[PDB]
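Novice: Provided herewith is a single structure, encoded as structure tokens, for subsequent inquiry.
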Amino acid sequence: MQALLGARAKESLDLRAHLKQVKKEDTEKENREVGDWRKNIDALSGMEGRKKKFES
Amino acid sequence: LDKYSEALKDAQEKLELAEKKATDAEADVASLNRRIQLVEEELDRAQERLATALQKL
């Protein structure tokens, strides 16, 4: 009896997991190449005197 | 007079340099406080977002 319902469930999960894998493949393939920068501030610390430019 | 004037140009130059050191050190007290608050804010936010992530967990 249950062959048709089994096949229907199988095809449903197959298509869903298919779309899912189409996503997760290139998801995991590139998941560290997507980093960012540090954004540090100088805080005017590395100068031991007056600047050479006109602003100081 | 030359000795006081010179002692002064030197106390005054050392002062401009000490004041500069203070200005720059202060520029950095402030740049550090900005970074500290930016990082403390990112930390508090990381912790707010953590508490949220944990709540969402």
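Novice: Which pairs do you get when a residue that is farther than 30 Å from A:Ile41 by Cα, found in the stretch B:4-33, comes within reach of a residue that is part of a helix (DSSP H, G or I) and among the hydroxyl-bearing types (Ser, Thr, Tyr), reach meaning Cβ atoms under 6 angstrom, with the pair 6+ apart or on two chains?
Specialist: Note: no pairs meet the criteria.
Novice: Could you list, in sequence order, the residues of the stretch B:12-55 that are within 12 Å of another protein chain (Cβ to nearest Cβ) and among the charged types (D, E, K, R)?
Specialist: B:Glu13, B:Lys14, B:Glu16, B:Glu19, B:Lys20, B:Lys21, B:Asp24, B:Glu26, B:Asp28, B:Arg34, B:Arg35, B:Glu42
Novice: Considering only residues that are within 9 Å of chain B (Cβ to nearest Cβ) and loosely packed, with under 10 Cβ neighbours inside 10 Å, which ones fall in the stretch A:31-45?
Specialist: Within the stretch A:31-45, A:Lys39, A:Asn40 meet the criteria.
Read the figures in this text as sums done on the coordinates, not as results from a lab. Note: ideal-geometry Cβ built from the backbone for every residue, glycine included; neighbour counts use all protein chains shown.
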